[PDB]
């Protein structure tokens, strides 16, 4: 993610939607917080058990915190178990489908 981004909100109490000028990202809130905790604690079991789970509503402030920290992780791509932290769609795929330039 570029430094300039827009948080669109939570989906299914599971993903944080955030976009920059290139992609829309669907960030798994559990995998992100597990990665945040794992880089601090260096213990994957502890990081997992203390992190938020899917199905929990998050406040706007909590969402802001997580996304800000995400950009500074050493590994913002995969959790300690190797699962992708996010799904991404290039914005151009959305624009081109409806016949718009991007």
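Basically, rigid core = biggest C-alpha set you can superpose within 1.5 Å across the two forms. Positions refer to the first chain, counted from 1.
In terms of root mean square C-alpha deviation after superposing on the rigid core in 4 other deposited structures of this protein, the stretch standing farther out between 49-57 and 34-42 is 49-57.
Mean CA B-factor, 37-45 versus 22-30: the higher value falls on 37-45. Per the PDB record, residue ranking by Cα B-factor puts residue 1 in the highest third of the chain. For residue 78, the recorded CA temperature factor ranks within the highest third of the chain's modelled residues. When the CA B factors of the chain's modelled residues are split into thirds, the value for residue 98 lands in the lowest one. Sort the modelled residues of the chain by CA B factor and residue 54 lands in the middle third.
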